[PDB]
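Structure, as structure tokens:
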Amino acid sequence: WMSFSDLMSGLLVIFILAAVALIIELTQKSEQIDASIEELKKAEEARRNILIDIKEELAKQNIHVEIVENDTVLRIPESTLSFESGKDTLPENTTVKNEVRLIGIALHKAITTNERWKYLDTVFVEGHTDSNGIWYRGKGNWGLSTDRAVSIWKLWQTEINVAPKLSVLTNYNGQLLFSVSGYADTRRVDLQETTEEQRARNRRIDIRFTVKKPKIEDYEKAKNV
Amino acid sequence: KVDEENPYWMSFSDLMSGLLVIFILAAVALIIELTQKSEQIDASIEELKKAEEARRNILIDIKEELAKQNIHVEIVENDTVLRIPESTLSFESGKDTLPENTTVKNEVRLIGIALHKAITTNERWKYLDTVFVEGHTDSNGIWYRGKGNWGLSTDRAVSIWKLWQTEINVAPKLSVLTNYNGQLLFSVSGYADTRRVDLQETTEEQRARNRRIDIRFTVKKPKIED
Amino acid sequence: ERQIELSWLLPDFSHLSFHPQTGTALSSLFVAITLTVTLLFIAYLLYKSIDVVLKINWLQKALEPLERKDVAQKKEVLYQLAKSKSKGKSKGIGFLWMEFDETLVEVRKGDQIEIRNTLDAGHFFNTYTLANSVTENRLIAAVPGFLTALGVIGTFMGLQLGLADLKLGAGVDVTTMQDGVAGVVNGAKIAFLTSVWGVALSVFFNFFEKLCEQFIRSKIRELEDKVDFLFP
Amino acid sequence: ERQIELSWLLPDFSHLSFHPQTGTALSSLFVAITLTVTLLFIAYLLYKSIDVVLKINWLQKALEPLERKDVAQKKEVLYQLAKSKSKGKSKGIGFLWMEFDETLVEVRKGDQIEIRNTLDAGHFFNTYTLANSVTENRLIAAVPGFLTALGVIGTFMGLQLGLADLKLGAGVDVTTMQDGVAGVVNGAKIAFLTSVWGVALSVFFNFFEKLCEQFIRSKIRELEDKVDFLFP
Amino acid sequence: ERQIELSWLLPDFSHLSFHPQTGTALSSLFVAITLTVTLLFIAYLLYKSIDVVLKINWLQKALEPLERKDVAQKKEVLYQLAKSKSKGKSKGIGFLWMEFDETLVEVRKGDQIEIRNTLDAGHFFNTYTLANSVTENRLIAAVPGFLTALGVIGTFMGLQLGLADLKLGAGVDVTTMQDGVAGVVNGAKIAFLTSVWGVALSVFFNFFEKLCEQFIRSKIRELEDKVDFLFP
Amino acid sequence: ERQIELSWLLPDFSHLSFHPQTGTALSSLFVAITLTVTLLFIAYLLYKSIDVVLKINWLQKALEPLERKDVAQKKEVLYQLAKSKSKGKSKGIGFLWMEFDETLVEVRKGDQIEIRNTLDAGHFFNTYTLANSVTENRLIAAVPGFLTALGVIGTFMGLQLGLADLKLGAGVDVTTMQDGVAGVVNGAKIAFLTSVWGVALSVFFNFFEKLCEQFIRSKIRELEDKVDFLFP
Amino acid sequence: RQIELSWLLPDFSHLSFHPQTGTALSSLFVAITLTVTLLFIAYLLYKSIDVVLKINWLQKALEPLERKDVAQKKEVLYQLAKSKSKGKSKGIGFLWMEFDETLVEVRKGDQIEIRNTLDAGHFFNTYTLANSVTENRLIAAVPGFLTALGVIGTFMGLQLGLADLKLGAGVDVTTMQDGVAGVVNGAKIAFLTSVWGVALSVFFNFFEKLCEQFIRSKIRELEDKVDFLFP
Ligand code: NA
Ligand code: NA
């Protein structure tokens, strides 16, 4: 038994080496899988980094925008960007025109930084109005909110000198990135909407960012086999 | 007789066997960690596979419900997009209004009724992230009071959206429907000619393939964090 | 608490062969060999143990209905009972009474017949004479070592079968490493199944062998007590 | 850093059963068997050891009033006193005094009766004639090995049972793997707990047995020197 | 149930040399050495036990055709033919008869002229005088320890040389050390093969030499049967 | 070539107690017991060896100046010296020397006076009479087994206590399971330390006891070398 | 994987009693194990040459002997038995003294050939020639000690290997890889100490029993000489 116990001790050492070597490989395979799980959340990470980039970059220029709706929408309040009442054109006060160029430049720089458009599906320029019914050539607030989003999107095309144009940027799938939306007063942020300071919170331009979603193969590859 | 055999040497082989099993559990514990990671990913694949089957069942029943009513719609983009061609839903040239023959607008109603019924059947909006009502035009540059195809394509999607808001009576309106979260299910937007299905633009029917209404369905993210 | 099943300790003897292809076939082969070795050596130990016991037991029946007063005329009545059973047998129980009789001396009282000895009965009835075949049997004393080392061979073979199943090195998938660990578990089950039977059978024989020794010694002292009581 | 309680080593004997179904039930039964084996062998040891001590104690009790010059006036009464307890007793202490008596040769030291022995008293009062049942008892000397091997049997039994429920292989889920680990730990609990008691009871009997022999040999030497003192 | 492979139990002995370059070659050499040592000691034990058996058989064939009474005429005619073989030996079976044939005394019971021994023949014909170099030979008793130890040396040498190949450290590349550990585990199975063979041959020799001993004493006692039945 | 820390092998005895609350304290207590048991048996062995040597050297010093022609006229001085060292005791070497004298008888060689002996110096100066509990002590010979047992009990207790309260099973999270399993593996070196000390002290004591036996026996032979030289 | 058996030989140059490395510790064990073997080989040889010297004298002092010297050597052997045994009442002479003093004087014919009454076998055999090497409890324990020394090296090697092995949560690969190196370092101690501990145990055990059979070879050769010389 003296030699048997010595022999069994030798077996224990060999199995200890195998167990720790097995654990070393299994451990590394875990961070491989863990890293792959973090890669599946990178599109939402890229979206959040775009919005923080726009807000921070414009904040250094005294331009207030808001990140809203679960860090998905860049809200441009009427205090920042105000259209003429009942009109889709910004006023000729030679400042809002300057004001809106810097938002387009900020929007461009945040999307093209780190090529985060590879995680974007569509960016929507959304026009929103208050409940005040107007006529507006018969189109109502539905045509007003749509025309304001087109008005903003046209200015971001022909009055900012960004080398990769906003109208040229593609998305994760290779199609063009931007879309234009109008929702009239059907997506109001303020429901009571009594005072003029509450109606004004509904008159806004919303930049909605939609990201690409992982496919089946993205999850199958994350198993790291 | 003085010297007895030392009987406790055998206990060390006993000890070594037990120590062997302890180190087996050290490696087995990692096996379970890796196995749990694989089941967590497998849970997301099956959850996403269920959401994608809910997507295509929505599209098959919209097409089949509309097919019985002589309304032809297309399922394109790998069981993801409901395409309403110009042969089905034709807008007046350069305008977002629809013809006043009382028959075209009835089809638009029936598409919305079929669309609502497929989403609300079997609670399938719980698998959806967003349903996109998509306005698309051809590459022909137009004025449209200075808005161009961006104004026209968005207006056409809105006019369909407004028709579904007032002229169909579904108990939860399409504009009230929510996704797997509490967020609104539907998005309405125009794309001008930026996302054409036909690129060479040569003939009229090739250009006519671009003037369309797309209804794009996106499914929920399976939330790998289990 | 979880339930356990002790039938996992039982080998499967239905498919025994000397060409095992699975771990359970190999462990049941080792247990069968160890059991067969155990059974054969128990039979051999019992064959020579019962020989001694029956050899002693005949005297006990021959001395049962004897008292202090009747030994005078039982000297030769017991002589033919010993003679009939001592046909050619050299140094068994029959010849020991033949050797014992000549060493009996009569007491000088003259009247009444009383019998004594010129030497103690230890020199006539002891382990060296009645059971020297089992007490010093060195093959018997080595049997627990045989069974122990048979289990040790099964232990080493099983564990190094588990060593062979291990799939190590860089670039090995989890399923393959999982299968290697299952092979290690499979080999360890062979090792522990053969060990538990090897040790248990070794202890059983070791205790049974030394129990037989004490039982025979208890029977020899019974002769020593009874013979010397009747023959001071 | 982790706190330990030594009471965790005591098994629960409240639910002892000869068909254990859980790990603790089997480990408790296994320790109960090991305790029972230890207690039975201590009873076997003490049964024979006390038999030796009483034989020595009485003859010591029959010699302390005796001094060198009072041996002659007390030599014969001891022979009758030895007959007093020796009804039979073929190899008892009373009989051991018998054979010693006839070997005490008589010499005349001028005018006072003095008794000498031609041999040494150790030839009649030693372990062979007083404690042959405990000193060279191979069964008793093997008890520490039995108890240690019991604990070893519990290890291979416990480890085999734990590993038998550890199911690996493709398709086995986390719940099944997680339950397999619990069974393996339960098997390891059986293994180490039975080794704790197997070895502790072994070394306890090991020490207790050889403490009894040293105590008995001390009294045998106290017997040899006193008899040598009285009978030069 | 996993399949197992056992063909690796048999080493390849074709490329045997005393300068092994690999662990497989080193394992094969030690198994061959242990086999050769086992065969050398089996032949030594087997040849030198047949020598003992032949001496016993020679005299048995000289006493087989003798009844109880035809011993007076054979008392001396057997003596002359003993000398024809006894010449040259030191303490052979011939001289062993010489020292015993002379010490028979001739008893005269009138017309009952017979032959009788004066003491027990246990120190004249026994395992000491015939089996002087097998039963008490402690070199032969040490062979199974040698065989196990050579297997142990071969295994630890195989394990040690497997480890010395390892370029290892915390600063060494992980993939390098995964391959190094894999080679160590693979070589450990081959290294432990010598211990399996060493223990197996140790058990086989242990069993064999105690079997020959029990066979030798079977005839020595069988020889004493003829001596105590024809030479009272 | 990485560094090893042997100081970790020596546990801290600053807070020893008989109620260990951690595995480290349990390990330290068992190492302390194994060391304490080792020292007590070494101290007893040294004490019972020094006294033999010291009391042998008293007779060596007395016998050192003697010569063959000196013994005749010097005998009575030693008996006076023996009675100066022995005041009436029946145990010391002085009592052994005086009991030796009666065995010395006087021979006649021409006209000179030269004394002989009837018995041998080994009858009065041997291990039994001089170093009784130093040589044939089974308890001392079992101490290496005790040390081995005590060390491995500490390891089994450490391992069992590390597993005793582990919450495992399908209702337990994987992270909790890995913490419990890792704690057991990380604590193995703590429990194993007592086995290292138990084996090391077992081997040291076994070697130490057998050296003292040879040293005492060498002094016995030297004592009876000079006694037989001066008293043939 | 190519092996070299020279890797089994340790480096004894920088030996010390405070080993800082696994190689130094294993070298120390092999040095102690080798040292124990050499002293016990000398202790075995020293107590074996004395047995041979006793036997040698009866062979190297009886060279002028022939068959025709049955009696006139008997007396002259007596004072040469006392020549070395200058007052010793023991030793090889004491065996001769009892054998010489128990020889009956026989009378056959004119010549005076002497005959024995008992064989010299029981007087000049093992239990009194070589009792210091055949029943020596220390020598018998040497192979077990040598093997047990290797087992100590194994246990210390295993314990040193576990000393730096850390597993579980919060342990990265580099720390675990350092644990592999420590286990390997301890394993090299364990395996090397067992190689030498058991090999020297074998060498001593076989050497010890080669000396014994050589002792019987001289005892028998002495006995065979006496048998025909002294019937
Ligand atoms: Na156990
Ligand atoms: Na070692």
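Every chain in the structure tokens takes a letter, A first, then B, and so on in the order presented; its residues are numbered from 1, and the ligands are numbered from 1 following the presented order.
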
Which chain A residues are at most 8 Å from chain C (counting only C-alpha atoms), as a compact mmCIF listing (two decimals) with C-alpha atoms, in the first residue's frame?
```txt
# COMPACT_ATOMS: atom_id res chain seq x y z
CA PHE A 4 0.14 1.97 -4.15
CA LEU A 11 -2.31 9.84 -10.77
CA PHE A 15 -5.48 14.56 -13.14
CA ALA A 18 -5.64 17.94 -16.67
CA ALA A 21 -5.76 22.77 -18.03
CA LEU A 22 -9.39 21.94 -18.82
CA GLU A 25 -9.59 26.38 -21.79
CA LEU A 26 -13.17 26.42 -20.50
CA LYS A 29 -14.17 29.81 -23.93
CA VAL A 225 -18.16 26.49 -31.70
```

Check your understanding: If we count only C-alpha atoms, which residues of chain A reach to within 8 Å of chain B? Please list them as number ranges by chain.
Key -> A: 1-2, 4-5, 8-9, 12, 15-16, 19-20, 22-23, 26-27, 29-30, 33, 37, 124, 142-143, 146-147, 150-151, 175-176, 178-183, 213-214, 216, 219-220, 222-223

Could you please take those selected residues and save N, CA and C atoms as a compact mmCIF listing (two decimals), in the first residue's frame?
```
# COMPACT_ATOMS: atom_id res chain seq x y z
N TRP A 1 0.81 -1.21 0.00
CA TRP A 1 0.00 0.00 0.00
C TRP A 1 0.85 1.26 0.00
N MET A 2 2.07 1.17 0.53
CA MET A 2 2.97 2.32 0.52
C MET A 2 3.28 2.75 -0.91
N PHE A 4 1.43 1.72 -3.52
CA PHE A 4 0.14 1.97 -4.15
C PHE A 4 -0.32 3.40 -3.91
N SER A 5 -0.15 3.90 -2.68
CA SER A 5 -0.52 5.27 -2.37
C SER A 5 0.38 6.26 -3.10
N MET A 8 -0.93 6.28 -6.63
CA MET A 8 -2.19 7.01 -6.70
C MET A 8 -1.96 8.51 -6.56
N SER A 9 -0.95 8.92 -5.79
CA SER A 9 -0.59 10.32 -5.71
C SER A 9 -0.11 10.84 -7.06
N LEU A 12 -3.14 11.43 -9.11
CA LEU A 12 -3.81 12.65 -8.68
C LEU A 12 -3.18 13.88 -9.31
N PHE A 15 -4.10 14.11 -13.00
CA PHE A 15 -5.48 14.56 -13.14
C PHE A 15 -5.65 16.01 -12.70
N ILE A 16 -4.87 16.46 -11.72
CA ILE A 16 -4.92 17.87 -11.33
C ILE A 16 -4.45 18.75 -12.48
N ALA A 19 -7.25 18.74 -15.01
CA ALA A 19 -8.41 19.51 -14.57
C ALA A 19 -8.16 21.00 -14.69
N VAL A 20 -6.99 21.47 -14.27
CA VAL A 20 -6.69 22.89 -14.34
C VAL A 20 -6.51 23.33 -15.79
N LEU A 22 -8.02 21.89 -18.32
CA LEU A 22 -9.39 21.94 -18.82
C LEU A 22 -10.08 23.22 -18.39
N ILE A 23 -9.91 23.61 -17.12
CA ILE A 23 -10.55 24.82 -16.61
C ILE A 23 -10.02 26.05 -17.34
N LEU A 26 -11.76 26.12 -20.71
CA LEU A 26 -13.17 26.42 -20.50
C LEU A 26 -13.37 27.86 -20.06
N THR A 27 -12.47 28.36 -19.20
CA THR A 27 -12.53 29.76 -18.80
C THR A 27 -12.42 30.67 -20.02
N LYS A 29 -12.97 29.96 -23.13
CA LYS A 29 -14.17 29.81 -23.93
C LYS A 29 -15.34 30.60 -23.35
N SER A 30 -15.36 30.80 -22.03
CA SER A 30 -16.41 31.62 -21.43
C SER A 30 -16.29 33.09 -21.82
N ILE A 33 -17.50 33.46 -25.31
CA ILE A 33 -18.95 33.53 -25.36
C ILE A 33 -19.45 34.83 -24.73
N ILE A 37 -21.69 37.76 -26.49
CA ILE A 37 -22.97 38.25 -26.00
C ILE A 37 -22.97 39.77 -25.95
N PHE A 124 -35.27 58.45 -38.59
CA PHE A 124 -36.49 59.15 -38.96
C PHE A 124 -36.45 60.59 -38.46
N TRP A 142 -51.65 67.18 -40.00
CA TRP A 142 -51.00 66.02 -40.60
C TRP A 142 -50.05 66.45 -41.71
N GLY A 143 -50.48 67.39 -42.55
CA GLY A 143 -49.60 67.91 -43.58
C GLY A 143 -48.60 68.91 -43.05
N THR A 146 -45.70 66.84 -41.34
CA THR A 146 -44.92 66.20 -42.39
C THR A 146 -44.05 67.22 -43.12
N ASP A 147 -44.63 68.37 -43.48
CA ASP A 147 -43.89 69.38 -44.23
C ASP A 147 -42.74 69.96 -43.42
N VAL A 150 -39.86 67.48 -43.64
CA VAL A 150 -39.22 67.63 -44.94
C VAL A 150 -38.42 68.92 -44.99
N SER A 151 -38.95 70.00 -44.40
CA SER A 151 -38.23 71.26 -44.39
C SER A 151 -36.90 71.14 -43.65
N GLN A 175 -28.70 50.10 -47.66
CA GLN A 175 -29.68 51.03 -48.20
C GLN A 175 -29.55 52.39 -47.52
N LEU A 176 -30.17 53.39 -48.13
CA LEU A 176 -30.02 54.75 -47.63
C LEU A 176 -30.67 54.90 -46.25
N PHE A 178 -31.96 57.53 -44.21
CA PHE A 178 -32.91 58.48 -43.63
C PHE A 178 -34.32 58.29 -44.16
N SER A 179 -35.29 58.60 -43.30
CA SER A 179 -36.70 58.62 -43.65
C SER A 179 -37.35 59.82 -42.99
N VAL A 180 -38.49 60.24 -43.53
CA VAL A 180 -39.21 61.42 -43.08
C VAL A 180 -40.58 60.99 -42.57
N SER A 181 -40.94 61.46 -41.38
CA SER A 181 -42.21 61.12 -40.76
C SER A 181 -42.93 62.38 -40.30
N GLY A 182 -44.25 62.30 -40.28
CA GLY A 182 -45.09 63.31 -39.67
C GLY A 182 -46.21 62.63 -38.92
N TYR A 183 -46.50 63.07 -37.69
CA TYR A 183 -47.51 62.41 -36.87
C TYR A 183 -48.60 63.35 -36.38
N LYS A 213 -31.02 44.46 -35.94
CA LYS A 213 -31.23 43.43 -34.94
C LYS A 213 -30.45 42.18 -35.33
N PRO A 214 -29.83 41.50 -34.36
CA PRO A 214 -29.06 40.29 -34.69
C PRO A 214 -29.94 39.22 -35.32
N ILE A 216 -30.51 35.06 -36.71
CA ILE A 216 -30.34 33.74 -36.09
C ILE A 216 -28.87 33.35 -36.07
N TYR A 219 -26.71 34.70 -33.25
CA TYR A 219 -26.81 33.98 -31.99
C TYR A 219 -26.12 32.62 -32.08
N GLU A 220 -26.26 31.94 -33.22
CA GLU A 220 -25.60 30.65 -33.39
C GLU A 220 -24.09 30.79 -33.35
N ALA A 222 -22.52 33.12 -31.71
CA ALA A 222 -22.14 33.53 -30.36
C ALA A 222 -21.87 32.34 -29.45
N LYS A 223 -22.34 31.14 -29.82
CA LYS A 223 -22.00 29.94 -29.07
C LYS A 223 -20.51 29.62 -29.16
```

Rows by chain and residue number, chain D within 9 Å of ligand 1, shortest pair, only C-alpha atoms and all ligand atoms, as CSV:
```
residue,atom,partner,partner_atom_place_in_ligand_line,distance
D:27,CA,ligand 1,1 (Na),8.9
D:148,CA,ligand 1,1 (Na),8.7
D:149,CA,ligand 1,1 (Na),8.6
D:150,CA,ligand 1,1 (Na),7.4
D:151,CA,ligand 1,1 (Na),4.0
D:152,CA,ligand 1,1 (Na),4.7
D:153,CA,ligand 1,1 (Na),6.2
D:154,CA,ligand 1,1 (Na),4.0
D:155,CA,ligand 1,1 (Na),3.5
D:156,CA,ligand 1,1 (Na),7.1
D:157,CA,ligand 1,1 (Na),8.0
D:158,CA,ligand 1,1 (Na),7.3
D:159,CA,ligand 1,1 (Na),8.9
D:188,CA,ligand 1,1 (Na),8.6
D:189,CA,ligand 1,1 (Na),8.7
D:190,CA,ligand 1,1 (Na),6.5
D:191,CA,ligand 1,1 (Na),3.8
D:192,CA,ligand 1,1 (Na),4.9
D:193,CA,ligand 1,1 (Na),6.0
D:194,CA,ligand 1,1 (Na),3.9
D:195,CA,ligand 1,1 (Na),3.5
D:196,CA,ligand 1,1 (Na),7.0
D:197,CA,ligand 1,1 (Na),8.1
D:198,CA,ligand 1,1 (Na),6.9
D:199,CA,ligand 1,1 (Na),8.8
```

Review point. Chain E residues within 7 Å of chain C, counting only C-alpha atoms: which ones, as a list in words?
Key: residues 1, 2, 3, 4, 5, 175, 178, 179, 182, 185, 186, 189, 196, 199, 203, 210, 211, 225, 228 and 229 of chain E

Exercise for review: Using only C-alpha atoms and all ligand atoms, find each residue with an atom at most 8 Å away from ligand 2 and format the answer as a PyMOL selection string.
Suggested key: (chain A and resi 6) or (chain G and resi 149-155+157+189-195+197)

Check your understanding: Which of range 6-181 of chain F counts as helix (DSSP H, G or I) under DSSP, as a PyMOL selection string please?
Key -> chain F and resi 6-9+23-63+71-85+93-101+121-124+127-130+132-135+138-141+143-164+174-181

Check your understanding: Do you have the CA of residue 106 in chain F-CA of residue 120 in chain F distance handy?
Key ->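 Atom-to-atom, CA of residue 106 in chain F to CA of residue 120 in chain F, that is 15.0 Å.
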
**Study point:** Shell around residue 112 in chain B at 10 Å using only C-alpha atoms, local window under 6 positions removed, as a list in words
**Key:**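 The residues that qualify are residues 62, 106, 118, 160, 161, 163, 164, 165, 167, 168, 169, 170 and 174 of chain B.
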
Write to file, as a tab-separated table (two decimals), in the first residue's frame, the residues of the selection just made, with N, CA and C atoms.
```
chain	number	residue	atom	x	y	z
B	62	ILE	N	-52.61	37.89	-43.92
B	62	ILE	CA	-53.00	39.12	-44.61
B	62	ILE	C	-53.15	38.86	-46.10
B	106	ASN	N	-62.33	51.32	-50.67
B	106	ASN	CA	-62.80	50.14	-49.96
B	106	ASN	C	-61.70	49.10	-49.83
B	118	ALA	N	-54.73	40.30	-38.53
B	118	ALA	CA	-53.58	39.41	-38.45
B	118	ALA	C	-52.69	39.75	-37.27
B	160	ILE	N	-52.87	56.74	-46.34
B	160	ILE	CA	-53.28	55.39	-45.99
B	160	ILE	C	-53.48	55.27	-44.49
B	161	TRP	N	-52.56	55.84	-43.71
B	161	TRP	CA	-52.65	55.79	-42.26
B	161	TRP	C	-53.90	56.50	-41.75
B	163	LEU	N	-56.70	56.93	-43.47
B	163	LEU	CA	-57.87	56.16	-43.86
B	163	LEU	C	-58.13	55.04	-42.87
B	164	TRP	N	-57.08	54.36	-42.41
B	164	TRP	CA	-57.23	53.34	-41.39
B	164	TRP	C	-57.63	53.91	-40.04
B	165	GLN	N	-57.39	55.20	-39.81
B	165	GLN	CA	-57.73	55.81	-38.53
B	165	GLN	C	-59.22	56.08	-38.40
B	167	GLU	N	-61.95	55.26	-41.19
B	167	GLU	CA	-62.94	54.57	-42.00
B	167	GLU	C	-62.97	53.06	-41.80
B	168	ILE	N	-62.17	52.52	-40.88
B	168	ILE	CA	-62.31	51.12	-40.47
B	168	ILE	C	-62.58	51.11	-38.97
B	169	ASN	N	-63.48	50.23	-38.55
B	169	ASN	CA	-63.90	50.14	-37.15
B	169	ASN	C	-63.37	48.83	-36.58
B	170	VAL	N	-62.13	48.88	-36.09
B	170	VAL	CA	-61.52	47.78	-35.36
B	170	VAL	C	-61.40	48.22	-33.90
B	174	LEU	N	-55.54	50.81	-35.05
B	174	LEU	CA	-54.18	50.44	-35.44
B	174	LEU	C	-53.16	51.40	-34.84
```

Practice item. Extract, using only C-alpha atoms, all DNA, RNA and protein residues at most 6 Å from range 76-86 of chain A, discarding same-chain residues fewer than 6 positions from it, and format them as a list in words. Key: residues 65, 204 and 205 of chain A

Practice item. Write out as a PyMOL selection string all residues of range 27-145 of chain C that DSSP puts in strand (DSSP E or B) for this structure's backbone. Key: chain C and resi 104-106+115-117

Store the residues of this selection in a file with C-alpha atoms, as a CSV table (one decimal), in the first residue's frame.
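Full text of result07.csv as output:
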```
chain,number,residue,atom,x,y,z
C,104,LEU,CA,-0.5,-43.3,30.8
C,105,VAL,CA,0.6,-44.6,34.2
C,106,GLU,CA,-1.3,-46.2,37.0
C,115,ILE,CA,-4.8,-43.2,35.4
C,116,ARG,CA,-2.4,-40.3,35.1
C,117,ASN,CA,0.1,-38.8,32.6
```

**Study point:** Residues of chain G within 12 Å of chain A, counting only C-alpha atoms, as JSON, numbers by chain
**Key:** {"G": [143, 144, 145, 146, 147, 148, 149, 150, 151, 152, 153, 154, 155, 156, 157, 158, 159, 160, 161, 162, 165, 166, 167, 168, 169, 170, 171, 172, 173, 174, 175, 176, 177, 178, 179, 180, 181, 182, 183, 184, 185, 186, 187, 188, 189, 190, 191, 192, 193, 194, 195, 197, 198, 201]}

Exercise for review: With a distance cut-off of 12 Å and only C-alpha atoms, select the neighbouring residues of residue 192 in chain A, excluding the residue or stretch itself and same-chain residues fewer than 6 positions from it, and output the selection as a list in words.
Suggested key: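 These residues fall inside the cut-off: residues 130, 131, 198, 199, 200, 201 and 202 of chain A.
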
Study note, to complete from the structure: For residue 69 in chain C, the closest of C:214, C:200, C:119, C:112 counting only C-alpha atoms is C:112

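Across the structure, CA of residue 15 in chain C and CA of residue 176 in chain C are spaced 29.5 Å apart.
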
Test item: residues at most 8 Å from range 218-223 of chain D, only C-alpha atoms, excluding those fewer than 2 positions along its chain, as a PDB file with N, CA and C atoms, in the first residue's frame:
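Contents of around11.pdb, as written:
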```pdb
ATOM      1  N   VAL D  53      -5.949 -10.755  33.748  1.00  0.00           N
ATOM      2  CA  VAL D  53      -5.655  -9.916  34.905  1.00  0.00           C
ATOM      3  C   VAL D  53      -6.099 -10.595  36.195  1.00  0.00           C
ATOM      4  N   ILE D  56      -3.518 -13.272  37.323  1.00  0.00           N
ATOM      5  CA  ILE D  56      -2.329 -12.680  37.923  1.00  0.00           C
ATOM      6  C   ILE D  56      -2.665 -12.049  39.267  1.00  0.00           C
ATOM      7  N   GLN D  60      -0.856 -12.869  42.939  1.00  0.00           N
ATOM      8  CA  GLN D  60      -0.289 -11.734  43.663  1.00  0.00           C
ATOM      9  C   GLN D  60      -0.921 -11.590  45.039  1.00  0.00           C
ATOM     10  N   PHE D 125       5.729 -18.355  34.228  1.00  0.00           N
ATOM     11  CA  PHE D 125       4.867 -17.184  34.361  1.00  0.00           C
ATOM     12  C   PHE D 125       5.309 -16.155  33.326  1.00  0.00           C
ATOM     13  N   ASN D 126       4.758 -16.264  32.123  1.00  0.00           N
ATOM     14  CA  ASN D 126       5.067 -15.348  31.036  1.00  0.00           C
ATOM     15  C   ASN D 126       3.798 -15.144  30.219  1.00  0.00           C
ATOM     16  N   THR D 127       3.933 -14.464  29.080  1.00  0.00           N
ATOM     17  CA  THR D 127       2.769 -14.187  28.245  1.00  0.00           C
ATOM     18  C   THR D 127       2.166 -15.470  27.687  1.00  0.00           C
ATOM     19  N   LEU D 130       0.193 -17.124  30.538  1.00  0.00           N
ATOM     20  CA  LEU D 130      -0.751 -16.244  31.216  1.00  0.00           C
ATOM     21  C   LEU D 130      -1.651 -15.474  30.266  1.00  0.00           C
ATOM     22  N   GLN D 214       0.639  -3.689  27.221  1.00  0.00           N
ATOM     23  CA  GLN D 214       1.689  -3.146  28.073  1.00  0.00           C
ATOM     24  C   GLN D 214       1.293  -3.222  29.541  1.00  0.00           C
ATOM     25  N   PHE D 215       0.017  -2.990  29.840  1.00  0.00           N
ATOM     26  CA  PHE D 215      -0.460  -3.117  31.213  1.00  0.00           C
ATOM     27  C   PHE D 215      -0.369  -4.558  31.701  1.00  0.00           C
ATOM     28  N   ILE D 216      -0.709  -5.521  30.845  1.00  0.00           N
ATOM     29  CA  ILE D 216      -0.654  -6.923  31.247  1.00  0.00           C
ATOM     30  C   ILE D 216       0.791  -7.371  31.424  1.00  0.00           C
ATOM     31  N   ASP D 225       9.263 -11.082  39.125  1.00  0.00           N
ATOM     32  CA  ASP D 225      10.258 -10.613  40.082  1.00  0.00           C
ATOM     33  C   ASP D 225       9.892 -11.003  41.510  1.00  0.00           C
ATOM     34  N   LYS D 226       8.601 -10.984  41.842  1.00  0.00           N
ATOM     35  CA  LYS D 226       8.181 -11.375  43.183  1.00  0.00           C
ATOM     36  C   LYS D 226       8.420 -12.860  43.425  1.00  0.00           C
ATOM     37  N   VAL D 227       8.165 -13.696  42.418  1.00  0.00           N
ATOM     38  CA  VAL D 227       8.408 -15.125  42.573  1.00  0.00           C
ATOM     39  C   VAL D 227       9.907 -15.405  42.613  1.00  0.00           C
TER      40      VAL D 227
END
```
